[PDB]
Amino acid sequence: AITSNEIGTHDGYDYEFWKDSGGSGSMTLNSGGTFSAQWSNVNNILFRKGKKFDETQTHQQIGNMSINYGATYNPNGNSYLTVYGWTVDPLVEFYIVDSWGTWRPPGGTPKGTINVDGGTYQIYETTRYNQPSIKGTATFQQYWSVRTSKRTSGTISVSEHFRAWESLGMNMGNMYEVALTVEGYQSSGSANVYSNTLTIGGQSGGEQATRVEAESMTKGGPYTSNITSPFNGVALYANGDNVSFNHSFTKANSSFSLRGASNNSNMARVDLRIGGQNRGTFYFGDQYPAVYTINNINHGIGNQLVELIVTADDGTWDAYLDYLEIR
């Protein structure tokens, strides 16, 4: 188990154990986002598993964030069960607190409230003066959403809180981290986070879908042509044959579903490009219509060129395209 300050990645999740002097702590990393923790007579201790970012993107550019979790939570003293993280420029430490120990944080007068995920959160902004931070000993703002009543399982719509904060004038910088966290202050305790899933993107923005017919897009290359069998669509025959269109992306992540087919029993490949960058390859194994889906594409909001292009043709197959759905 982890008993001193450590940063790493475990089963795809970025984890961290942090304490200052005094007392002891133990963190045990389990599968997915899960972990158990125990602490005894600490000054400050933090256990978390989530994602660290490279400090280059806002939370809008990263996309919709949501955490689904469940915890056995037994603090003995001052403690939080909370989503936690940081932004830079401005340097901000933030909290979405769902439960706590003996003291409901953070004191002071709320700047607002948000009703979300079946509860009510009061929103606070505080200041830390010459305190430990990701940038050393520093003075920085703290943003809080604190539930009006305790709960230790459910879904936390992280992006909703970020937008709530920002509308109340609490500017956020580029993201540094988002993680489900157990914090202790001047206390002891144990906790078992048995469920902890951080999801970026694909939430119930996935039940609307935009279908763009291949035959309605702009044709390019030497031979691209319309077809009517095995569906209304286009055929891409040689390298450089392509179909493309400008799309106005409202959100930052999407899945792309191409319905198509090869002309014969050889496997056809169609490349996906956004803004001129390859983002993956659609595969059609045979002559029967099939839908191939490339999920979890981060591309950023705004109007961008979408291309579907054949680059690996060698005269043994053509590609037939019916439509592309963007979710």
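Sequential numbering from 1, following the sequence displayed.
*Asks:* Could you settle it for me: does 201-209 or 188-196 have the higher average Cα B factor in the PDB entry?
*Replies:* Looking at the record's C-alpha B-factors, the answer is 201-209.
*Asks:* Which is higher on average in the deposited entry, the C-alpha temperature factors of 107-115 or of 211-219?
*Replies:* Looking at the record's C-alpha B-factors, the answer is 107-115.
*Asks:* Which listed residue, 84, 256, 124, 245, has the largest C-alpha temperature factor in the record?
*Replies:* Highest C-alpha B-factor among the listed residues goes to 124.
*Asks:* Of the options 264, 296, 293, 281, which has the highest CA B factor as deposited?
*Replies:* Across 264, 296, 293, 281, the entry lists the biggest C-alpha B-factor for 296.
*Asks:* Can you work out whether the C-alpha temperature factor of residue 165 puts it in the lowest, middle or highest third of the chain?
*Replies:* CA B-factor rank for residue 165: highest third.
*Asks:* Against its chain's modelled residues, does residue 140's Cα B factor rank lowest, middle or highest third?
*Replies:* It falls in the middle third of the chain.
*Asks:* Of the three thirds of its chain by CA temperature factor, lowest, middle or highest, which one includes residue 27?
*Replies:* As the PDB entry reports it, the C-alpha B-factor of residue 27 lands in the middle third of its chain.
*Asks:* For residue 288, return the chain-relative third of its C-alpha B-factor as stated in the PDB record: lowest, middle or highest.
*Replies:* Bottom third by C-alpha B-factor.
*Asks:* Per the entry's values, where does residue 230 land by CA temperature factor relative to the rest of its chain, in the lowest, middle or highest third?
*Replies:* According to the entry, residue 230 has a C-alpha B-factor in the chain's middle third.
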